[PDB]
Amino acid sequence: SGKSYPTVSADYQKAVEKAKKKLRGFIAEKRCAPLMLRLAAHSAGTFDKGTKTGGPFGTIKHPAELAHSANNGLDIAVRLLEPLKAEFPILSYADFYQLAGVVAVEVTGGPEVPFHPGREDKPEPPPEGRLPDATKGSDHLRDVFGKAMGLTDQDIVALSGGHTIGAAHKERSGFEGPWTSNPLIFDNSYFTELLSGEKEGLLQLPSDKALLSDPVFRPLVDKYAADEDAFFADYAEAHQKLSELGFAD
């Protein structure tokens, strides 16, 4: 909602379609879907609505932004994508990274998130410190996703479900291990695990646990644990919004 997507040329559209295919094959083969989803989220998640700065505009590949502590390990993601990006010189990096995030969800069996091209690469990275802190709680989540990004409480819970794929690494954030028993499968297991308690071998961040005790977040966790279809619908909506922050309005 509220979006007016720009016109891109037929050749640009052709390149998007071909890049989508190539990204599917590459991401599946390399087993890097979760890392690519993290990359897309960290690129988009710097948007501040009050200043209209940051967001998914290709700045994450700048050495200055990759050096942000919250971005530890994302240099791997950028390097992995560089050879493929080079096959699509017409595409913006911004579009390519957001397309990679959409593909990461699709190949792991998640919903089909709508994608619209036309993000323009911006010259200057946003200041460090906008991304969410895993050690903080609900107030902080609302500060970051709500007050800065302009997303809803529903979006916060659905997007937290991105942790259904992948793992933390002690050398990156310091946290360690997968949230789920099937970390390459995009399903509602993140929420099922969050409800069932601390199972040995599985990770819960303080920011994940914050969802269980918040009056608004908890009913959403309950809904998504009970209804994977409802999770997929809300997730697709939220991911689209995240990927389009500051873009096309």
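Just count from 1 along the sequence shown to find any residue number.
Here the stretch with the larger average CA B-factor, out of 116 to 124 and 83 to 91, is 116 to 124. Higher mean CA temperature factor between 163 to 171 and 141 to 149: 141 to 149, per the PDB entry. Between the residues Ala238, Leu23, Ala15, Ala226, it is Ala226 that shows the highest Cα B-factor in the PDB record. Of all the options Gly45, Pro206, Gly50, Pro34, the entry's greatest CA B-factor is assigned to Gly50. When the CA B factors of the chain's modelled residues are split into thirds, the value for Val8 lands in the middle one. Per the PDB record, residue ranking by Cα B-factor puts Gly129 in the highest third of the chain. In this PDB entry, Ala28 carries a Cα temperature factor that places it within the lowest third of its chain's modelled residues. In this PDB entry, the Cα temperature factor of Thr135 sits in the top third of its chain's modelled residues, the highest group. The deposited CA B-factor of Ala40 belongs to the lowest third of values across its chain.
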